[PDB]
Amino acid sequence: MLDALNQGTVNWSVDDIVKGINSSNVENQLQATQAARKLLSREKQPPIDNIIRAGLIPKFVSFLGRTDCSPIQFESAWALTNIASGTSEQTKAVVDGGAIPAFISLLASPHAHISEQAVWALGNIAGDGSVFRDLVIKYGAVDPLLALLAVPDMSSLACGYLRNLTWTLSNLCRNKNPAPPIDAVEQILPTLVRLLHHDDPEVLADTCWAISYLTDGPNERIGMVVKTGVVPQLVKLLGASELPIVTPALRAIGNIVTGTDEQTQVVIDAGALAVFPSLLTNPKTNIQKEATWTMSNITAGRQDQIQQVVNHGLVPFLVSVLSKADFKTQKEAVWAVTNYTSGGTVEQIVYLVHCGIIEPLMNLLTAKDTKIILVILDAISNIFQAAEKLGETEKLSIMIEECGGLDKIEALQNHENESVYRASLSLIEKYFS
């Protein structure tokens, strides 16, 4: 019944656990609790419902408060968490048994490894959905969670512990319907901001993820993030060599430029455009895709913003990706071109055409995707409008003819797709007759 660690074992019955856990002997209570966490920590087929049916949750929860015996606090935190990591109903049973406030009080243990358990517990529950997340917040988890990081140097804290607390904060930032209560976000941001200057790769990755969640919302949310001055540091991390940093850094920058024109300018002012050559030629196609998407949202902005895209020499990269990247990225490149031609100046559209946008664009008119064809034709239209202003519609017509583009446009003349038939007929009637 005891192993060579003097702990309870997986060989204890529920009968045994119930007896031990109800004893006045503290060592017996601890062994019963160890036997329970060992049973419940089996990855596969843990007998969670048997422990719940033995009415044991309220007892495990009161053990969380047993300062006289930190190992009992640890072992019961562990068991409860394992229970909570099960079905939604199993989690709901842990919560209904009062575990959240008890975990929150446990953050005050002067034992790092105990307060660490509480952080871990609350992270698990918070991430079990928006509803639990809000319960964790409503019960007051935020203040004590942050107080653990209110120290002079974060580096006084062990890497493991910091990783664990950062992970838990990012779950308080995660999910929608509904999104995190705004005042909790206000409270948390300044700490995330300090975390982005820490130099542990996993801490940085977790914090970038949290920021990406906060920036996935209405502009009010984007603004809050932007107003902290993190954007520059986010841009620095875009440059990081670690893909697990670059990926959420990129998502966050991508989200921010879906915001207002001023919000996008903060991104440009921080020097993001300079990182785009390495992103747009990054072997990971997901990065190319996210990067091109971001670029599509910058070329949807103002003319002096489009001008910075040009000034950083990014247009040939865009041509390159429109030509010879995987299709999902090519779709973002179509958007980037359509946006750029929708808002750019005449001179900017002349430059885009001199970079050789036309052939790659025309080639995509064989795509079997109606949305994409209609957008490409929209882009074609915008380029023609600029040629009108120079009285050069005809020289563009000729550029389109020679790279096989008039053929691809003629090929859309099929009534089976009435939408595509009309778009393409009009274009043919106006500039190819």
Side-chain angles (χ1 to χ4, degrees), residues 215-216 219 222 250-269 272-277 279-280 287-365 367 369-390 396 400 405 419 423 427:
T215 52
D216 195 340
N219 301 349
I222 285 176
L250 183 54
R251 179 62 137 292
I253 292 298
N255 286 351
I256 294 160
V257 300
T258 68
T260 72
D261 296 332
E262 292 63 17
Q263 290 163 351
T264 296
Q265 198 62 43
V266 176
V267 170
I268 294 158
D269 295 346
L273 296 184
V275 188
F276 275 64
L279 302 170
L280 293 158
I287 299 291
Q288 283 186 25
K289 192 203 121 203
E290 286 291 284
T292 301
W293 164 64
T294 303
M295 254 203 17
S296 101
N297 280 317
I298 301 181
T299 64
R302 302 196 274 99
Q303 304 188 316
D304 70 285
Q305 290 160 341
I306 289 182
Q307 184 64 34
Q308 288 281 275
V309 163
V310 165
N311 287 3
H312 285 70
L314 302 183
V315 178
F317 293 98
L318 176 38
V319 176
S320 180
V321 153
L322 192 66
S323 296
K324 286 175 101 175
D326 73 283
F327 191 60
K328 270 166 200 176
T329 304
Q330 289 180 301
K331 287 160 103 220
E332 302 293 349
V334 172
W335 279 102
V337 161
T338 217
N339 290 341
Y340 175 130
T341 66
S342 194
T345 64
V346 168
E347 193 188 316
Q348 286 170 340
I349 299 176
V350 165
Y351 172 68
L352 176 71
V353 162
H354 164 97
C355 285
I357 205 66
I358 319 90
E359 188 171 331
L361 208 56
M362 294 294 108
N363 284 352
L364 279 161
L365 291 180
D369 180 317
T370 305
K371 271 168 269 113
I372 275 304
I373 274 93
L374 291 175
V375 169
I376 292 174
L377 296 173
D378 237 272
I380 298 315
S381 166
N382 303 335
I383 304 169
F384 267 103
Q385 286 180 35
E388 297 270 359
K389 283 155 165 103
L390 296 189
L396 176 64
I400 294 172
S419 292
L427 192 56

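Quick note: residue numbers are just sequence positions, from 1. Below, each value reflects all heavy atoms present in this structure, side chains not excepted, and no hydrogens, waters or symmetry copies.
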Are the side chain of [X] and the backbone N or O of [Y] linked by a donor-acceptor pair below 3.5 Å?
{"X": "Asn339", "Y": "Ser296", "answer": "yes"}
{"X": "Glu290", "Y": "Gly254", "answer": "no"}
{"X": "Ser323", "Y": "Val319", "answer": "yes"}
{"X": "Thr292", "Y": "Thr329", "answer": "no"}
{"X": "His354", "Y": "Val350", "answer": "no"}
{"X": "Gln348", "Y": "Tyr340", "answer": "no"}
{"X": "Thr341", "Y": "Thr338", "answer": "yes"}

Approximate separation, where rounding is to 0.5 Å, of [X] [atom1] and [Y] [atom2]:
{"X": "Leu314", "Y": "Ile298", "atom1": "CG", "atom2": "CD1", "result": "8.5 Å"}
{"X": "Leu374", "Y": "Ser381", "atom1": "CG", "atom2": "OG", "result": "12.0 Å"}
{"X": "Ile306", "Y": "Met295", "atom1": "CD1", "atom2": "CE", "result": "10.5 Å"}
{"X": "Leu364", "Y": "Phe327", "atom1": "CG", "atom2": "CZ", "result": "6.5 Å"}
{"X": "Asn311", "Y": "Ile268", "atom1": "CG", "atom2": "CD1", "result": "10.5 Å"}
{"X": "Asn363", "Y": "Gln330", "atom1": "CG", "atom2": "CD", "result": "9.5 Å"}

Please give me the minimum heavy-atom distance between [X] and [Y], naming the atom from each residue.
{"X": "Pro316", "Y": "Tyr351", "value": "CD-OH, 4.0 Å"}
{"X": "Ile222", "Y": "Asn255", "value": "CD1-O, 3.3 Å"}
{"X": "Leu396", "Y": "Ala387", "value": "CD2-CB, 4.2 Å"}
{"X": "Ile372", "Y": "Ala367", "value": "CG2-CB, 4.5 Å"}
{"X": "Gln263", "Y": "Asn219", "value": "NE2-O, 3.6 Å"}
{"X": "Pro360", "Y": "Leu322", "value": "CB-CD2, 3.8 Å"}

Measuring only between side-chain heavy atoms, which start at C-beta, is [X] closer than 4.5 Å to [Y]?
{"X": "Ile256", "Y": "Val266", "answer": "no"}
{"X": "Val309", "Y": "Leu318", "answer": "no"}
{"X": "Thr264", "Y": "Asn297", "answer": "no"}

*Could you tell me whether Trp293 atom CH2 has more than 12 heavy atoms of other residues or ligands within 6.0 Å of it?*
yes
_Heavy-atom neighbours of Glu347 CD exceed 12 at 6.0 Å_ = no
*For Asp304, which residues count as a salt bridge (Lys or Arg N to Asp or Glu O under 4.0 Å) partner, sequence neighbours excluded?*
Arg302
*Verdict with reasoning, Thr294 to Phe276, per side chain to side chain contact (heavy atoms under 4.5 Å, CB included)*: CA-CA 10 Å; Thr294 303; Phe276 275 64; 3.8 Å; yes
_Passing option when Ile357 is tested against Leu352, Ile349, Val315 for side-chain contact (heavy atoms from CB on, under 4.5 Å)_ = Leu352
